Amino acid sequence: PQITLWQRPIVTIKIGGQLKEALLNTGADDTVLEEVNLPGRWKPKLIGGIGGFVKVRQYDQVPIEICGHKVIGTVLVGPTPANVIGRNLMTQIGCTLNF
């Protein structure tokens, strides 16, 4: 798909038998999602930093679908002003900037 940038590039993602909305953010290195009960082991992770850090949980090799593209990737789970799909998953789905 080709997504123009007149509007915020919000897409539907499928994460664990659950459909959500997330913004494709090339300004973000990682993918952060509002609390969801992903199964299994996870590692603590600090994100953000300016003014202090926020702790989230790092889930690895998570299966997730982005506009019908099934990918495996690291998902950070915790508080966030919105769901954000970062560069880590955009390379998995082969997403690039073109002009």
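All residue numbers are counted from 1 along the displayed sequence.
- The stretch 32-40 shows the higher mean C-alpha B-factor when 32-40 is compared against 46-54 in the entry.
- For the pair 74-82 and 20-28, the mean Cα B-factor is higher in 74-82.
- The entry lists a Cα temperature factor for residue 10 that places it in the middle third of the chain's modelled residues.
- Ranked against the other modelled residues of its chain, the C-alpha B-factor of residue 62 as given in the entry falls in the lowest third.
- When the CA B factors of the chain's modelled residues are split into thirds, the value for residue 2 lands in the highest one.
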